[PDB]
$ cat model04.cif   # mmCIF, C-alpha atoms
data_coords
#
loop_
_atom_site.label_atom_id
_atom_site.label_comp_id
_atom_site.auth_asym_id
_atom_site.auth_seq_id
_atom_site.Cartn_x
_atom_site.Cartn_y
_atom_site.Cartn_z
CA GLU A 1 0.00 0.00 0.00
CA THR A 2 2.05 2.93 1.25
CA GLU A 3 5.06 2.04 -0.95
CA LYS A 4 2.76 1.40 -3.86
CA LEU A 5 1.11 4.76 -3.24
CA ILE A 6 4.44 6.56 -3.42
CA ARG A 7 5.28 4.83 -6.69
CA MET A 8 1.87 5.63 -8.19
CA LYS A 9 2.20 9.32 -7.35
CA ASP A 10 5.75 9.36 -8.72
CA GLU A 11 4.45 7.99 -12.03
CA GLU A 12 1.66 10.58 -12.12
CA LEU A 13 4.10 13.39 -11.43
CA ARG A 14 6.19 12.17 -14.33
CA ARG A 15 3.14 12.14 -16.61
CA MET A 16 2.10 15.64 -15.59
CA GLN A 17 5.61 17.01 -16.10
CA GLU A 18 5.72 15.36 -19.53
CA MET A 19 2.35 16.99 -20.27
CA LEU A 20 3.75 20.33 -19.11
CA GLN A 21 6.64 19.99 -21.50
CA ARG A 22 4.32 19.21 -24.45
CA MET A 23 2.10 22.20 -23.64
CA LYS A 24 5.30 24.24 -23.33
CA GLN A 25 6.45 23.19 -26.81
CA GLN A 26 3.00 23.97 -28.21
CA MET A 27 2.85 27.47 -26.79
CA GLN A 28 6.30 28.23 -28.23
CA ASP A 29 4.90 27.49 -31.71
CA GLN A 30 2.80 30.66 -31.53
CA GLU B 1 8.87 8.92 6.56
CA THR B 2 6.37 7.60 4.03
CA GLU B 3 3.37 9.62 5.22
CA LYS B 4 5.33 12.87 4.99
CA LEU B 5 6.39 11.95 1.43
CA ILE B 6 2.83 11.16 0.36
CA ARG B 7 1.73 14.61 1.49
CA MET B 8 4.68 16.23 -0.31
CA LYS B 9 3.90 14.42 -3.56
CA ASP B 10 0.22 15.25 -3.16
CA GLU B 11 1.21 18.93 -2.86
CA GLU B 12 3.36 18.68 -6.01
CA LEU B 13 0.52 17.04 -7.96
CA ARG B 14 -1.76 19.92 -6.98
CA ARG B 15 0.71 22.61 -8.08
CA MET B 16 1.43 20.93 -11.42
CA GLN B 17 -2.30 20.69 -12.11
CA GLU B 18 -2.87 24.37 -11.31
CA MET B 19 0.04 25.06 -13.67
CA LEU B 20 -1.43 22.89 -16.43
CA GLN B 21 -4.79 24.63 -16.20
CA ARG B 22 -2.88 27.92 -16.05
CA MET B 23 -1.01 27.03 -19.25
CA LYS B 24 -4.33 25.89 -20.72
CA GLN B 25 -6.00 29.26 -20.21
CA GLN B 26 -2.93 30.90 -21.80
CA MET B 27 -3.23 28.73 -24.91
CA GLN B 28 -6.96 29.56 -25.08
CA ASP B 29 -5.91 33.17 -25.41
CA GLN B 30 -4.23 32.32 -28.84
#
$ encode --input "model04.cif" --output "structure tokens"
Amino acid sequence: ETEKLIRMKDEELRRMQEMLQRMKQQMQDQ
Amino acid sequence: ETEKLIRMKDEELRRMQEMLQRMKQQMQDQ
């Protein structure tokens, strides 16, 4: 549980930072 | 200190989501 929870939230943080970088690259195209 | 980490990563997830919706409203301005 608690270890699995930490690993789940670490994966989500990675996904959201990846999504931030894609939105960053899309707003530079303007 | 697993419970302190879970709260830290929950705080990070919240800030990155505010930032994503903040970047979203900036791309809706284009």
$ resolve_selection --input "model04.cif" --expression "the PyMOL selection byres ((chain A) within 7 of (chain B))" --output "PyMOL selection string"
chain A and resi 2+6+9+13+16+20+27
$ axis_aligned_box --input "model04.cif" --around "range 19-23 of chain B" --padding-each-side "6 Å" --output "AutoDock Vina command-line options"
--center_x -2.4 --center_y 25.4 --center_z -16.5 --size_x 16.8 --size_y 17.0 --size_z 17.6
$ calpha_fit_and_write --input "model04.cif" --fixed "chain A" --moving "chain B" --output "PDB file with C-alpha atoms, in the coordinates of the input"
ATOM      1  CA  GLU B   1       0.058   0.029   0.878  1.00  0.00           C
ATOM      2  CA  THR B   2       2.136   3.187   1.199  1.00  0.00           C
ATOM      3  CA  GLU B   3       5.037   2.078  -1.004  1.00  0.00           C
ATOM      4  CA  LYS B   4       2.679   1.194  -3.852  1.00  0.00           C
ATOM      5  CA  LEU B   5       1.040   4.637  -3.531  1.00  0.00           C
ATOM      6  CA  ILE B   6       4.378   6.453  -3.594  1.00  0.00           C
ATOM      7  CA  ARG B   7       5.242   4.740  -6.867  1.00  0.00           C
ATOM      8  CA  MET B   8       1.808   5.576  -8.306  1.00  0.00           C
ATOM      9  CA  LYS B   9       2.131   9.246  -7.374  1.00  0.00           C
ATOM     10  CA  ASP B  10       5.681   9.292  -8.710  1.00  0.00           C
ATOM     11  CA  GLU B  11       4.318   7.963 -12.025  1.00  0.00           C
ATOM     12  CA  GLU B  12       1.621  10.670 -12.081  1.00  0.00           C
ATOM     13  CA  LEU B  13       4.187  13.407 -11.388  1.00  0.00           C
ATOM     14  CA  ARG B  14       6.238  12.173 -14.342  1.00  0.00           C
ATOM     15  CA  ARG B  15       3.278  12.167 -16.746  1.00  0.00           C
ATOM     16  CA  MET B  16       2.110  15.638 -15.705  1.00  0.00           C
ATOM     17  CA  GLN B  17       5.621  16.989 -16.247  1.00  0.00           C
ATOM     18  CA  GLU B  18       5.874  15.447 -19.721  1.00  0.00           C
ATOM     19  CA  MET B  19       2.482  17.046 -20.388  1.00  0.00           C
ATOM     20  CA  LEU B  20       3.620  20.450 -19.123  1.00  0.00           C
ATOM     21  CA  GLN B  21       6.710  20.388 -21.318  1.00  0.00           C
ATOM     22  CA  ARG B  22       4.472  19.139 -24.133  1.00  0.00           C
ATOM     23  CA  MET B  23       2.117  22.093 -23.630  1.00  0.00           C
ATOM     24  CA  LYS B  24       5.184  24.334 -23.399  1.00  0.00           C
ATOM     25  CA  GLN B  25       6.486  23.330 -26.820  1.00  0.00           C
ATOM     26  CA  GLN B  26       2.975  23.940 -28.215  1.00  0.00           C
ATOM     27  CA  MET B  27       2.906  27.480 -26.826  1.00  0.00           C
ATOM     28  CA  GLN B  28       6.388  28.079 -28.290  1.00  0.00           C
ATOM     29  CA  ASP B  29       4.848  27.360 -31.659  1.00  0.00           C
ATOM     30  CA  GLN B  30       2.625  30.557 -31.274  1.00  0.00           C
TER      31      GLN B  30
END
$ decode --input "model04.cif" --residues "chain B" --atoms "N, CA, C and O atoms" --output "compact mmCIF listing (two decimals), in the first residue's frame"
# COMPACT_ATOMS: atom_id res chain seq x y z
N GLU B 1 10.09 8.29 6.08
CA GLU B 1 8.87 8.92 6.56
C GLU B 1 7.83 8.96 5.44
O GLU B 1 7.61 9.99 4.81
N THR B 2 7.20 7.80 5.22
CA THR B 2 6.37 7.60 4.03
C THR B 2 5.15 8.51 4.03
O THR B 2 4.74 9.01 2.97
N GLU B 3 4.55 8.76 5.19
CA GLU B 3 3.37 9.62 5.22
C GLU B 3 3.72 11.07 4.94
O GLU B 3 2.90 11.80 4.38
N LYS B 4 4.91 11.52 5.34
CA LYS B 4 5.33 12.87 4.99
C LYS B 4 5.59 12.99 3.49
O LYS B 4 5.27 14.01 2.88
N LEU B 5 6.16 11.95 2.87
CA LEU B 5 6.39 11.95 1.43
C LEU B 5 5.09 11.98 0.65
O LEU B 5 4.97 12.70 -0.35
N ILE B 6 4.10 11.20 1.07
CA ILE B 6 2.83 11.16 0.36
C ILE B 6 2.20 12.54 0.34
O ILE B 6 1.64 12.97 -0.68
N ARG B 7 2.29 13.26 1.46
CA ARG B 7 1.73 14.61 1.49
C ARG B 7 2.54 15.56 0.61
O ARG B 7 1.96 16.43 -0.06
N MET B 8 3.86 15.40 0.57
CA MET B 8 4.68 16.23 -0.31
C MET B 8 4.34 15.99 -1.77
O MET B 8 4.21 16.93 -2.56
N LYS B 9 4.22 14.72 -2.17
CA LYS B 9 3.90 14.42 -3.56
C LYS B 9 2.46 14.79 -3.89
O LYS B 9 2.15 15.09 -5.04
N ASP B 10 1.57 14.74 -2.91
CA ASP B 10 0.22 15.25 -3.16
C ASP B 10 0.23 16.76 -3.35
O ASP B 10 -0.56 17.27 -4.15
N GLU B 11 1.10 17.48 -2.64
CA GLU B 11 1.21 18.93 -2.86
C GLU B 11 1.78 19.24 -4.24
O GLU B 11 1.32 20.17 -4.91
N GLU B 12 2.78 18.47 -4.68
CA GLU B 12 3.36 18.68 -6.01
C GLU B 12 2.33 18.42 -7.10
O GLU B 12 2.23 19.20 -8.05
N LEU B 13 1.57 17.34 -6.98
CA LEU B 13 0.52 17.04 -7.96
C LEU B 13 -0.48 18.18 -8.07
O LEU B 13 -0.95 18.50 -9.16
N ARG B 14 -0.83 18.80 -6.94
CA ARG B 14 -1.76 19.92 -6.98
C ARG B 14 -1.17 21.12 -7.71
O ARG B 14 -1.85 21.74 -8.53
N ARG B 15 0.09 21.45 -7.43
CA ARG B 15 0.71 22.61 -8.08
C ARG B 15 0.88 22.39 -9.58
O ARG B 15 0.63 23.31 -10.37
N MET B 16 1.28 21.19 -9.99
CA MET B 16 1.43 20.93 -11.42
C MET B 16 0.09 20.96 -12.14
O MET B 16 0.05 21.28 -13.33
N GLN B 17 -1.01 20.63 -11.46
CA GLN B 17 -2.30 20.69 -12.11
C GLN B 17 -2.79 22.13 -12.23
O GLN B 17 -3.32 22.52 -13.28
N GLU B 18 -2.60 22.94 -11.19
CA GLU B 18 -2.87 24.37 -11.31
C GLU B 18 -2.06 24.97 -12.45
O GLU B 18 -2.57 25.80 -13.21
N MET B 19 -0.81 24.54 -12.61
CA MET B 19 0.04 25.06 -13.67
C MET B 19 -0.44 24.62 -15.05
O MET B 19 -0.38 25.39 -16.01
N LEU B 20 -0.89 23.37 -15.16
CA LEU B 20 -1.43 22.89 -16.43
C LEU B 20 -2.68 23.65 -16.83
O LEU B 20 -2.83 24.06 -17.98
N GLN B 21 -3.61 23.84 -15.89
CA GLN B 21 -4.79 24.63 -16.20
C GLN B 21 -4.46 26.11 -16.37
O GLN B 21 -5.22 26.83 -17.03
N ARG B 22 -3.34 26.56 -15.80
CA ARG B 22 -2.88 27.92 -16.05
C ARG B 22 -2.28 28.05 -17.45
O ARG B 22 -2.53 29.03 -18.15
N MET B 23 -1.51 27.05 -17.88
CA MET B 23 -1.01 27.03 -19.25
C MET B 23 -2.14 26.82 -20.25
O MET B 23 -2.06 27.30 -21.38
N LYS B 24 -3.19 26.11 -19.84
CA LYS B 24 -4.33 25.89 -20.72
C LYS B 24 -5.07 27.20 -20.99
O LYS B 24 -5.42 27.50 -22.14
N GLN B 25 -5.29 28.01 -19.95
CA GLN B 25 -6.00 29.26 -20.21
C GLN B 25 -5.13 30.23 -21.00
O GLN B 25 -5.65 31.08 -21.72
N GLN B 26 -3.80 30.07 -20.98
CA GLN B 26 -2.93 30.90 -21.80
C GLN B 26 -2.96 30.48 -23.26
O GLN B 26 -2.84 31.32 -24.15
N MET B 27 -3.10 29.18 -23.53
CA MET B 27 -3.23 28.73 -24.91
C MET B 27 -4.63 29.00 -25.46
O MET B 27 -4.80 29.09 -26.68
N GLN B 28 -5.64 29.15 -24.60
CA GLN B 28 -6.96 29.56 -25.08
C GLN B 28 -7.00 31.04 -25.44
O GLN B 28 -7.88 31.45 -26.22
N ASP B 29 -6.01 31.79 -25.02
CA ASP B 29 -5.91 33.17 -25.41
C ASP B 29 -5.37 33.25 -26.86
O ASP B 29 -5.56 34.27 -27.48
N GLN B 30 -4.67 32.22 -27.40
CA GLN B 30 -4.23 32.32 -28.84
C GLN B 30 -5.33 31.98 -29.84
O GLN B 30 -6.36 31.58 -29.46
